[PDB]
**Q** 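Just passing along the structure, written as structure tokens.
Side chains are part of it too, since the values below use all heavy atoms of this structure and drop only hydrogens, waters and symmetry mates. Throughout, a chain's letter reflects where its sequence line sits, starting with A, and its residues are numbered from 1.
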2 protein chains.
Amino acid sequence: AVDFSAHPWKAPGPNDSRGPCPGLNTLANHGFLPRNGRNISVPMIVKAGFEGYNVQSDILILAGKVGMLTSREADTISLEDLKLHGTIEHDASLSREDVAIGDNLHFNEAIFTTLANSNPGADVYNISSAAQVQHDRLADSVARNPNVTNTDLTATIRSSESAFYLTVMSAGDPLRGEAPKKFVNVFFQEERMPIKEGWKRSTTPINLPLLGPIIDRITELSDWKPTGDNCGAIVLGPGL
Amino acid sequence: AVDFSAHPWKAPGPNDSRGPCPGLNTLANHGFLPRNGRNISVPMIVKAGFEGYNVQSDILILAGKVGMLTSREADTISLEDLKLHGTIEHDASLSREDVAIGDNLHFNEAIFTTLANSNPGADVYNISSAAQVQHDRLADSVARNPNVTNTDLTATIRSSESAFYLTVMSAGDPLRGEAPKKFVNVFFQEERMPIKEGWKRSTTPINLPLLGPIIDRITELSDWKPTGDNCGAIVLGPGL
Ligand code: HEM
Ligand code: HEM
Ligand SMILES: *[C@@H]1O[C@H](CO)[C@@H](O)[C@H](O)[C@H]1NC(C)=O
Ligand SMILES: *[C@@H]1O[C@H](CO)[C@@H](O)[C@H](O)[C@H]1NC(C)=O
Ligand SMILES: *[C@@H]1O[C@H](CO)[C@@H](O)[C@H](O)[C@H]1NC(C)=O
Ligand SMILES: *[C@@H]1O[C@H](CO)[C@@H](O)[C@H](O)[C@H]1NC(C)=O
Ligand SMILES: *[C@@H]1O[C@H](CO)[C@@H](O)[C@H](O)[C@H]1NC(C)=O
Ligand SMILES: CCCCCCCCCCCC(=O)O
Ligand SMILES: CCCCCCCCCCCC(=O)O
Ligand SMILES: CCCCCCCCCCCC(=O)O
Ligand SMILES: [Mg+2]
Ligand SMILES: [Mg+2]
């Protein structure tokens with residue numbers, strides 16, 4: 001009963017709220033979430049992620065309610081609210097700069113180069129390439145950001161995000177933990193579902209049982225180590 | 001204008017969900033929240049706290065959305081869900097036991113003795129008595145619970161809770177940070193608004209600007225120090 005032809009991609013206008021998350025931004029750009037990116041609740045996110053990507057309520061409720069903390073409203077956010085550093089938003093992003101040394105909100109092609117150039121010799125990104133990218137992005141933050149934060153929690157969130165692009169933008173079974181570069185690149189660079197390019201919503205549900213072993217393997221292959229205090233404390237609201 | 005005659009106290013039935021919070025339990029017991037204690041949203045908490053206690057949306061949105069993390073639902077909790085240790089629920093409670101060594105959910109008269117016996121020779125509890133109680137309760141946990149968690153965050157939450165009973169159950173201006181023992185005792189022991197005893201909803205709004213100096217003073221007088229790592233990390237959801 002979901003009609004993708006009734007969900008065309010449209011570029012956001014200058015006052016349409018967009019955040020640091022390509023997943024939610026893409027849903028908004030197709031009208032699965034409000035195109036203005038505002039007044040978004042967790043039930044709305046659950047429905048949009050199901051309809052758009054076949055992502056299940058388990059992960060979207062867990063992440064969604066943490067995301068709600070970033071606004072001043074009782075039960076909604078704007079997508080831009082999610083840029084709040086140290087709730088979910090973190091250093092060593094795949095396509096954004098660290099907030100201490102740049103723009104933690106907008107897609108940045110220079111940052112994205114690392115991901116774009118990963119898995120040489122193949123037309124997919126996969127678990128080993130995803131891990132290499134995480135290793136390299138963290139190394140970049142440690143090199144260049146004097147305020148870098150790197151904890152078990154940020155590392156887990158980062159692997160979760162890599163698992164998302166490998167699964168949601170997959171061509172075959174999302175279980176395989178690989179996704180066409182052509183699909184993933186459109187997802188990040190244009191925050192668009194690559195429909196003309198051949199992408200289709202997964203027919204396999206993407207939930208925590210599916211993602212968990214992928215996340216853990218990405219972490220394992222990334223050669224991640226604690227670097228500092230390692231306290232997994234999140235920011236509980238804006239303006240504290 | 002709030003009609004308290006239309007909000008009578010009724011004892012919870014066997015299937016009514018109740019949690020570790022006397023504030024929310026009392027609102028449920030008067031039907032300001034659903035008497036069954038289920039499917040409770042942050043907007044419902046905001047409205048109930050305003051109507052019942054004149055507590056404003058600043059504190060209830062902030063605390064409410066953190067409380068939402070304790071359930072598996074998109075935008076509601078059951079009151080019992082709030083017992084989840086390490087989200088809001090903490091050791092050295094005023095009226096509950098530490099989860100590692102007892103029941104962190106139900107009112108416990110033996111624990112409550114410390115509060116009940118505080119401020120000898122006055123008919124109010126006040127900021128100095130509240131601080132002494134927090135000191136003594138923490139000392140008890142440090143003595144008897146080898147797994148005690150005691151951090152900047154838990155200390156702040158604890159002082160916030162003491163500030164709540166001093167203000168919401170006040171007779172005079174809540175600014176004064178003192179409340180009749182007869183009112184506070186009914187609040188904890190029966191999770192009832194002490195209307196027959198003479199209590200009335202504050203005509204002064206109770207918000208973060210009002211609570212903040214009370215919180216800080218309680219902490220200052222309590223001779224507080226952190227335990228161990230002093231890591232302000234919360235549990236982000238159940239079953240992790
Ligand atoms: C469930 C609700 C969601 C919330 C609240 C959320 C929130 C966020 C936030 C705050 C970030 C920024 C982290 C950072 O890079 O600093 C982010 C990144 C990301 N999210 Fe989401 N997200 C959600 C769902 C999704 C979904 C459904 C996808 C699907 C593919 C997704 C894919 C991503 C990816 C790939 C990134 C990494 C961007 C980068 O590192 O540059 N997210 N998310
Ligand atoms: C006017 C509103 C409220 C009042 C007056 C109030 C009052 C209190 C008090 C006095 C305690 C301490 C109980 C003790 O130490 O034995 C407490 C504990 C608690 N409250 Fe509230 N509360 C209010 C709102 C909230 C809200 C909105 C939430 C979350 C949605 C919440 C969650 C809790 C939790 C989880 C505890 C347990 C902490 C612990 O003792 O371990 N409260 N509350
Ligand atoms: C936000 O959404 C709620 C729920 O649908 C609605 O009642 C409210 O009017 C909306 N506000 C705006 C500004 O659109
Ligand atoms: C990822 O693809 C590369 C190149 O095809 C391959 O060498 C590597 O084994 C793959 N890793 C996984 C986990 O499939
Ligand atoms: C960031 O690091 C610099 C250099 O160490 C330091 O002066 C500054 O206080 C830090 N800022 C934050 C946000 O901690
Ligand atoms: C209400 O909470 C119950 C658990 O108490 C949960 O099963 C249900 O999905 C929630 N939703 C509704 C429809 O009330
Ligand atoms: C609390 O009451 C006691 C006894 O009346 C008094 O000694 C003490 O100074 C009071 N403290 C405050 C903060 O008012
Ligand atoms: C296995 C744990 C995954 C959930 C981590 C906490 C919530 C953050 C959501 C991660 C997804 C995202 O950030 O896009
Ligand atoms: C300013 C840091 C506090 C962050 C919010 C956590 C919960 C606030 C405590 C509210 C009182 C209560 O738990 O009943
Ligand atoms: C319930 C905890 C929330 C905040 C507790 C610590 C700060 C005191 C209140 C904030 C005062 C203010 O700046 O308006
Ligand atoms: Mg980031
Ligand atoms: Mg407790």
Side-chain angles (χ1 to χ4, degrees), chain A residues 39-50 55-77 81-82 84 86-88 149 151-157 160 207-209 212 215-216 226 228-240, chain B residues 39-50 55-77 81-82 84 86-88 149 151-157 160 207-209 212 215 226-240:
Chain A
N39 205 12
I40 292 172
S41 72
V42 175
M44 287 162 70
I45 293 167
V46 167
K47 182 167 192 161
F50 178 76
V55 172
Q56 303 305 300
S57 67
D58 59 355
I59 185 165
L60 296 177
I61 286 167
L62 177 65
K65 291 187 300 188
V66 174
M68 293 297 111
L69 302 175
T70 67
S71 81
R72 294 179 163 81
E73 284 75 57
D75 65 354
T76 58
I77 63 166
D81 290 338
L82 290 172
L84 181 63
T87 303
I88 299 170
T149 300
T151 67
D152 291 315
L153 179 58
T154 64
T156 301
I157 291 172
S160 301
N207 56 11
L208 286 172
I215 292 167
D216 290 349
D229 62 346
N230 202 18
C231 175
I234 64 158
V235 171
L236 295 177
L240 294 171
Chain B
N39 300 110
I40 291 176
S41 71
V42 175
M44 287 161 68
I45 290 165
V46 168
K47 184 177 187 178
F50 178 77
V55 171
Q56 302 306 301
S57 65
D58 57 356
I59 187 165
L60 295 177
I61 288 171
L62 178 63
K65 292 189 298 188
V66 172
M68 295 295 113
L69 302 175
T70 67
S71 80
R72 292 183 166 77
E73 285 73 58
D75 65 352
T76 59
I77 63 173
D81 290 339
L82 292 171
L84 181 63
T87 304
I88 301 173
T149 302
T151 68
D152 296 316
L153 177 58
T154 64
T156 299
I157 292 170
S160 303
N207 57 10
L208 286 175
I215 294 168
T227 298
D229 294 322
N230 192 16
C231 174
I234 65 161
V235 170
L236 294 179
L240 294 171

**Q** Supply the atom-to-atom distance B/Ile234 CD1 to A/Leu69 CG, rounded to the nearest 0.5 angstrom.
**A**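 Reported value, rounded in 0.5 Å steps: 6.5 Å.
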
**Q** Using a cut-off of under 4.5 Å on heavy-atom pairs, state which of B/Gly232, B/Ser41, B/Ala74 scores highest against chain A.
**A** B/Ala74

**Q** Please find the pair of heavy atoms, one from A/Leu62 and one from B/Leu236, that lie closest to each other, and give the distance.
**A**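 The pair with the smallest heavy-atom distance is CD1-O, 3.8 Å.
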
**Q** Looking only at heavy atoms and a cut-off of under 4.5 Å, which of B/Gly237, B/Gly64, B/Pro43 has the most pairs with chain A?
**A** B/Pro43

**Q** So what's closer than 4.5 Å to chain A heavy atoms on B/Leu60: side chain, backbone, both or neither?
**A**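 For B/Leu60, no heavy atom lies under 4.5 Å from chain A.
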
**Q** Report the distance from atom NZ of A/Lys65 to atom CG of B/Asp75, rounding to the nearest 0.5 Å.
**A** 8.5 Å

**Q** If you count heavy-atom pairs under 4.5 Å with chain B, which of A/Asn230, A/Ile61, A/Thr151, A/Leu240 comes out on top?
**A**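 So the answer, after comparing A/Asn230, A/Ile61, A/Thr151, A/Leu240, is A/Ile61.
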
**Q** Tell me, side chain or backbone of B/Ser71 under 4.5 Å from chain A's heavy atoms, or both, or neither?
**A**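 Contact with chain A is through both the backbone and side chain of B/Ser71.
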
**Q** Evaluate the side-chain proximity of B/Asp229 to A/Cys231: yes if any heavy-atom separation is below 4.5 Å, no if none is.
**A**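 Contact flag for A/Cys231/B/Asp229 side chains = no.
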
